[PDB]
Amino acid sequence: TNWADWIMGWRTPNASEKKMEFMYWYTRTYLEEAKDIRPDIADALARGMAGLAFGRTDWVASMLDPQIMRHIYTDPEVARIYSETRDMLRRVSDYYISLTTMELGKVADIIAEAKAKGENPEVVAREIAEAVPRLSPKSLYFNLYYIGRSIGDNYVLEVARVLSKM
């Protein structure tokens, strides 16, 4: 009925590696077979959701990849995964993530497109500020700082640094 409740259902104390990988595989295969999600996207979302289930921030990083998050705009099933898990995501980020689901998708697409074309991070920061007028550049900094550190993306961190000064 709801992705957060479903993720929470997999929780058991000190979940074994086998149990966690079973959850991941069940989720990935469901997304592929029942929702027709492309395998690379299904992998990332399943791993991210396993991260949310089992308290593994290194796994949550998989769904914070801009190349995955941008599909919020192209696939309603992906948008639904992000919206239904948003509270869990904000909790794991200690509320450094404050973007809405559709702002997150837009920011992801901007970053993905910009990085591929080698855009100056100064310009990308201004694109993001324009795309998300609801939040200040400082707020946007903390959002991208968290995302960039989580996924280990220095380009995202460069964009974040520009936002911090804007």
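From 1 onward, residues are counted along the sequence shown.
- When the C-alpha B-factors of 126-134 and 110-118 are averaged, 110-118 comes out higher.
- Set 137-145 against 35-43 and average the Cα temperature factors; 35-43 ends up higher.
- Ranked by C-alpha B-factor against the other modelled residues of its chain, residue 8 falls in the highest third.
- Sort the chain's modelled residues by C-alpha temperature factor and residue 57 lands in the highest third, per the entry.
- In the deposited entry, the Cα temperature factor of residue 166 sits in the top third of values across the chain's modelled residues.
- Split the chain's modelled residues into thirds by C-alpha temperature factor. Residue 82 is in the lowest one.
- For residue 157, the recorded CA B-factor ranks within the middle third of the chain. Only modelled residues enter the ranking.
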